[PDB]
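Notes for the one structure printed next.
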2 protein chains.
Amino acid sequence: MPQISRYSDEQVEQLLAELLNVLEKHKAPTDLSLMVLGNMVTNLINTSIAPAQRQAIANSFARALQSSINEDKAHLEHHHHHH
Amino acid sequence: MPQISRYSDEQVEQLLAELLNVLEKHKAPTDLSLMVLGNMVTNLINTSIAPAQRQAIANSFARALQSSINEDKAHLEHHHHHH
């Protein structure tokens, strides 16, 4: 079943797998990856978004990022699994 | 003339072009693009970024975003050409 997203899972999957392969096709460290993506996203929001709300969306983007970056399952699953 | 962000600029530009090319290829709107990139970056940080510095990278990246996205240009010349 759909994880939680109500947009289009398969569509996002196709895009993510593609974009990831594009980067992996050259292979760059996370440091450089953040460099590329940083300039990309910044310029994207700077141009593809109205100059008035481009800053506001950056704010919510940051919030969404912080709300999406989960380390691990905080609920320690009582799941019996030995190595 | 060269650029200050010449840190793998050759590959950064080419990779960024390809990433944008893929988006334009699939005809993915900004809304969907941000959704994919958001999940992508989050997964990248979750996997390749050490849990010790997951928030360190997250906050510094956010600060960089809100640093780069500001008022439109700090120096405006007269420029003898309107339209």
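Within each chain, counting starts at residue 1; across the structure tokens, chains are named A, B, ... in the order shown, with ligands numbered 1 upward in that order.
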
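Once chain A is fitted onto chain B using all Cα atoms matched in sequence order, the root-mean-square deviation is 1.4 Å.
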
Closest-contact table, chain A side, partner chain B, 9 Å, counting only C-alpha atoms, as a tab-separated table:
residue	atom	partner	partner_atom	distance
A:7	CA	B:32	CA	8.7
A:12	CA	B:36	CA	6.0
A:13	CA	B:36	CA	8.4
A:15	CA	B:36	CA	7.0
A:16	CA	B:36	CA	6.1
A:18	CA	B:22	CA	7.7
A:19	CA	B:19	CA	6.1
A:20	CA	B:40	CA	8.0
A:22	CA	B:19	CA	7.1
A:23	CA	B:15	CA	6.7
A:26	CA	B:15	CA	8.2
A:30	CA	B:48	CA	6.9
A:32	CA	B:8	CA	7.9
A:33	CA	B:12	CA	8.5
A:34	CA	B:41	CA	8.3
A:35	CA	B:12	CA	8.0
A:36	CA	B:12	CA	5.5
A:37	CA	B:16	CA	7.6
A:38	CA	B:65	CA	7.5
A:39	CA	B:16	CA	8.7
A:40	CA	B:16	CA	6.5
A:41	CA	B:34	CA	8.2
A:42	CA	B:65	CA	6.5
A:43	CA	B:69	CA	8.5
A:44	CA	B:30	CA	8.3
A:45	CA	B:69	CA	8.5
A:46	CA	B:69	CA	6.9
A:48	CA	B:30	CA	7.1
A:49	CA	B:30	CA	8.5
A:51	CA	B:72	CA	7.8
A:54	CA	B:69	CA	7.6
A:55	CA	B:69	CA	6.2
A:58	CA	B:66	CA	7.0
A:59	CA	B:66	CA	7.6
A:61	CA	B:38	CA	8.0
A:62	CA	B:62	CA	5.9
A:64	CA	B:38	CA	8.2
A:65	CA	B:42	CA	6.8
A:66	CA	B:58	CA	7.3
A:68	CA	B:42	CA	6.6
A:69	CA	B:42	CA	5.6
A:70	CA	B:46	CA	7.4
A:71	CA	B:46	CA	6.5
A:72	CA	B:46	CA	8.8

> Which of range 24-53 of chain A counts as alpha helix (DSSP H) under DSSP, as a VMD selection string please?
Replying inline: chain A and resid 24 30 to 48

Could the residues in this selection be saved with C-alpha atoms as an mmCIF file, in the first residue's frame?
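Result saved to result-v1.cif:
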data_model
loop_
_atom_site.group_PDB
_atom_site.id
_atom_site.type_symbol
_atom_site.label_atom_id
_atom_site.label_comp_id
_atom_site.auth_asym_id
_atom_site.auth_seq_id
_atom_site.Cartn_x
_atom_site.Cartn_y
_atom_site.Cartn_z
ATOM 1 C CA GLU A 24 26.198 7.807 -9.447
ATOM 2 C CA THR A 30 28.556 13.680 -0.331
ATOM 3 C CA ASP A 31 30.446 16.951 0.163
ATOM 4 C CA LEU A 32 30.475 17.605 -3.578
ATOM 5 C CA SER A 33 26.936 16.266 -3.917
ATOM 6 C CA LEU A 34 25.722 18.886 -1.436
ATOM 7 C CA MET A 35 27.697 21.489 -3.382
ATOM 8 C CA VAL A 36 25.954 20.578 -6.653
ATOM 9 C CA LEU A 37 22.492 20.196 -5.116
ATOM 10 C CA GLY A 38 22.914 23.364 -3.078
ATOM 11 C CA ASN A 39 23.562 25.559 -6.099
ATOM 12 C CA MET A 40 20.891 23.672 -8.041
ATOM 13 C CA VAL A 41 18.088 24.026 -5.482
ATOM 14 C CA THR A 42 19.004 27.618 -4.616
ATOM 15 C CA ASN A 43 18.978 28.746 -8.250
ATOM 16 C CA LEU A 44 15.850 26.670 -8.912
ATOM 17 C CA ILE A 45 13.841 28.374 -6.163
ATOM 18 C CA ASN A 46 15.436 31.690 -7.121
ATOM 19 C CA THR A 47 14.117 31.527 -10.696
ATOM 20 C CA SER A 48 11.235 29.043 -10.861
#
